[PDB]
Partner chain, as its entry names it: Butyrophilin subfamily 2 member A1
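Here we start with a single chain on its own, the form deposited without its partner chain, put down as structure tokens.
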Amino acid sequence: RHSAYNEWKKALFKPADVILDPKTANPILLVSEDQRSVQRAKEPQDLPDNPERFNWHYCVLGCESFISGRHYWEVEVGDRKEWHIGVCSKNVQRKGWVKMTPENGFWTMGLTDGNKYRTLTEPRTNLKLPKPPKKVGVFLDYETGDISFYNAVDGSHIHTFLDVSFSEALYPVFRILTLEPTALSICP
């Protein structure tokens, strides 16, 4: 619509046209043909363990990273009960486990158990949201170091990582743990 959110987002942030990178996706994940959506398999599929593939975390990256400027993309979470989204550094550990935290180069928030919204921080912070979002705007300002999440239907705030001193390229990152009927999808 013509809400200040919808009208101004592109005046202020360049719209990322985020395409999921199948080379990065944990083998338990399915990337849609159009590369906009991700689902989970009952079992890991048989894929190479090429270096760019997350082999433990149920993660997938966008094809393109950012090293400067202002950028946004939107994700339809719909009625999923579990998801995490945000950005991560190019050089995160993709083989084995590391805690997904800003100290290990992940800046993400999401939902677990249907209704626990949280930042993936050390320690985890609980978010109290006016309503459950269906669509989440993810907003990067590389130079000020701000990663902001909004409800993309009413423009309400969800969370901001403030004043981070990024020194790596940053990828859109997505994680799904659960096997559910609703996918996680990028709006183009």
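Numbering follows the first chain given and starts at 1.
Form deposited with its partner chain bound: not shown, discussed below.
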If we test each of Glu122, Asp163, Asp34, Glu52 for a heavy atom within 4.5 Å of its partner chain in the deposited bound form, the one that passes is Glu122
Report yes if all three of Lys42, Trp97 and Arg175 come within 4.5 Å of its partner chain in the deposited bound form by some heavy atom, otherwise no. yes
Give a yes or no for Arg118: in the deposited bound form, does one of its heavy atoms lie within 4.5 Å of a heavy atom belonging to its partner chain? yes
Under a 4.5 Å heavy atom criterion, is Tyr58 part of the interface with its partner chain in the deposited bound form? yes
